[PDB]
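One file, work.cif, is given below (mmCIF, C-alpha atoms).
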data_input
#
loop_
_atom_site.label_atom_id
_atom_site.label_comp_id
_atom_site.auth_asym_id
_atom_site.auth_seq_id
_atom_site.Cartn_x
_atom_site.Cartn_y
_atom_site.Cartn_z
CA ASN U 1 -38.84 -12.65 -40.52
CA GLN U 2 -41.45 -15.38 -40.95
CA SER U 3 -43.45 -13.12 -43.28
CA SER U 4 -42.46 -13.87 -46.89
CA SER U 5 -43.00 -17.14 -48.74
CA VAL U 6 -39.49 -18.31 -47.79
CA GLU U 7 -38.38 -18.19 -44.15
CA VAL U 8 -35.30 -19.10 -42.17
CA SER U 9 -34.87 -22.03 -39.80
CA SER U 10 -34.47 -20.17 -36.50
CA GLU U 11 -33.60 -16.83 -34.96
CA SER U 12 -29.97 -17.94 -34.72
CA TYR U 13 -29.60 -17.06 -38.40
CA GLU U 14 -31.26 -13.67 -37.98
CA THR U 15 -28.80 -12.76 -35.21
CA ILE U 16 -25.17 -11.67 -35.25
CA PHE U 17 -23.07 -12.56 -32.21
CA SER U 18 -20.29 -10.15 -31.36
CA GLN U 19 -17.07 -11.20 -29.67
CA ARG U 20 -16.20 -7.91 -27.97
CA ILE U 21 -16.44 -7.35 -24.24
CA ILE U 22 -17.53 -4.25 -22.32
CA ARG U 23 -17.08 -3.32 -18.66
CA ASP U 24 -18.63 -0.62 -16.51
CA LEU U 25 -16.70 2.11 -14.71
CA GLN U 26 -14.84 0.69 -11.72
CA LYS U 27 -13.61 2.09 -8.43
CA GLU U 28 -10.14 3.60 -8.56
CA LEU U 29 -7.05 2.58 -6.57
CA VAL U 30 -5.83 5.20 -4.10
CA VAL U 31 -4.36 3.95 -0.81
CA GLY U 32 -2.81 0.71 -2.05
CA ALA U 33 0.52 2.05 -3.26
CA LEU U 34 1.20 5.45 -1.69
CA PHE U 35 3.32 4.60 1.36
CA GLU U 36 6.95 3.64 1.02
CA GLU U 37 7.73 -0.03 1.50
CA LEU U 38 10.15 -1.64 3.95
CA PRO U 39 11.69 -4.87 2.60
CA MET U 40 11.91 -7.61 5.19
CA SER U 41 13.88 -10.84 5.41
CA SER U 42 12.76 -12.50 8.66
CA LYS U 43 9.70 -12.95 10.83
CA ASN F 1 7.11 -20.92 12.65
CA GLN F 2 6.33 -24.38 14.03
CA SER F 3 4.50 -25.55 10.91
CA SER F 4 7.05 -27.63 8.99
CA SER F 5 8.75 -30.77 10.27
CA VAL F 6 11.84 -28.85 11.44
CA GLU F 7 11.61 -25.78 13.66
CA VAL F 8 13.80 -23.21 15.39
CA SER F 9 14.40 -22.69 19.12
CA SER F 10 12.87 -19.24 19.63
CA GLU F 11 12.01 -15.97 17.91
CA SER F 12 15.50 -14.67 18.67
CA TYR F 13 16.66 -16.83 15.76
CA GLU F 14 13.76 -15.61 13.61
CA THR F 15 14.37 -11.90 14.22
CA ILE F 16 16.70 -9.13 13.08
CA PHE F 17 17.93 -6.68 15.70
CA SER F 18 18.86 -3.40 14.03
CA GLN F 19 21.23 -0.87 15.57
CA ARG F 20 19.40 1.98 13.82
CA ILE F 21 18.07 4.47 16.36
CA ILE F 22 15.24 6.90 15.62
CA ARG F 23 13.62 9.78 17.50
CA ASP F 24 10.25 11.53 17.41
CA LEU F 25 9.70 15.25 16.82
CA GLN F 26 11.05 17.77 19.33
CA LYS F 27 10.00 21.18 20.61
CA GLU F 28 11.86 24.11 19.11
CA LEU F 29 13.79 26.52 21.31
CA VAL F 30 13.29 30.24 20.64
CA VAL F 31 13.70 32.38 23.75
CA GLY F 32 17.03 31.18 25.14
CA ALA F 33 19.07 32.79 22.38
CA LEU F 34 17.68 36.11 21.18
CA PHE F 35 18.71 38.44 24.03
CA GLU F 36 22.08 40.14 23.89
CA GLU F 37 24.71 38.82 26.28
CA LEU F 38 26.54 41.01 28.81
CA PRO F 39 29.89 39.55 29.92
CA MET F 40 30.99 40.05 33.51
CA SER F 41 34.30 39.69 35.33
CA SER F 42 33.24 40.14 38.95
CA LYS F 43 30.38 39.34 41.28
#
Just give me the structure of the file as structure tokens.
Amino acid sequence: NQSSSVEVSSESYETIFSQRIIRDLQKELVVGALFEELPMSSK
Amino acid sequence: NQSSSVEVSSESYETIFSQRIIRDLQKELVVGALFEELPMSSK
């Protein structure tokens, strides 16, 4: 806080680092896996 | 394939010939078979 008589060394001790991760909304999957699939065993 | 050290003679030995036979859609027949039939025994 750098305001009282006794301070702290650096902002690293005034800060809490979280370990959790957040992601935005993403595009959905639609046409990838709708058709039936024909297994193949040659060129 | 012609990428490795050993190859094959032609695509005929890299192919599968299937005996399965398939057909497209076909027109439906309506008029030939709704009128009553009159048998005859002379000209």
If the PyMOL selection byres ((chain U) within 10 of (chain F)) were run on this exact file, what residues would it hold? Put them as a tab-separated table (two decimals) with C-alpha atoms, keeping the file's coordinate frame.
chain	number	residue	atom	x	y	z
U	40	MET	CA	11.91	-7.61	5.19
U	41	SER	CA	13.88	-10.84	5.41
U	42	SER	CA	12.76	-12.50	8.66
U	43	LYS	CA	9.70	-12.95	10.83
Legend entry - RMSD after least-squares fit, chain F onto chain U [all C-alpha atoms, in order]: 0.6 Å
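Between CA of residue 36 (chain U) and CA of residue 26 (chain F) the interatomic distance comes to 23.5 Å.
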Work out where the centre of an axis-aligned box around every listed atom of region 25-31 of chain U lies and how long its edges are once 6 Å is added on each side; give both in Å to one decimal as lines of an AutoDock Vina configuration file.
center_x = -10.5
center_y = 2.9
center_z = -7.8
size_x = 24.3
size_y = 16.5
size_z = 25.9
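Straight-line separation from CA of residue 25 (chain F) to CA of residue 35 (chain U): 19.8 Å.
Here CA of residue 39 (chain U) and CA of residue 23 (chain F) stand 21.0 Å from one another.
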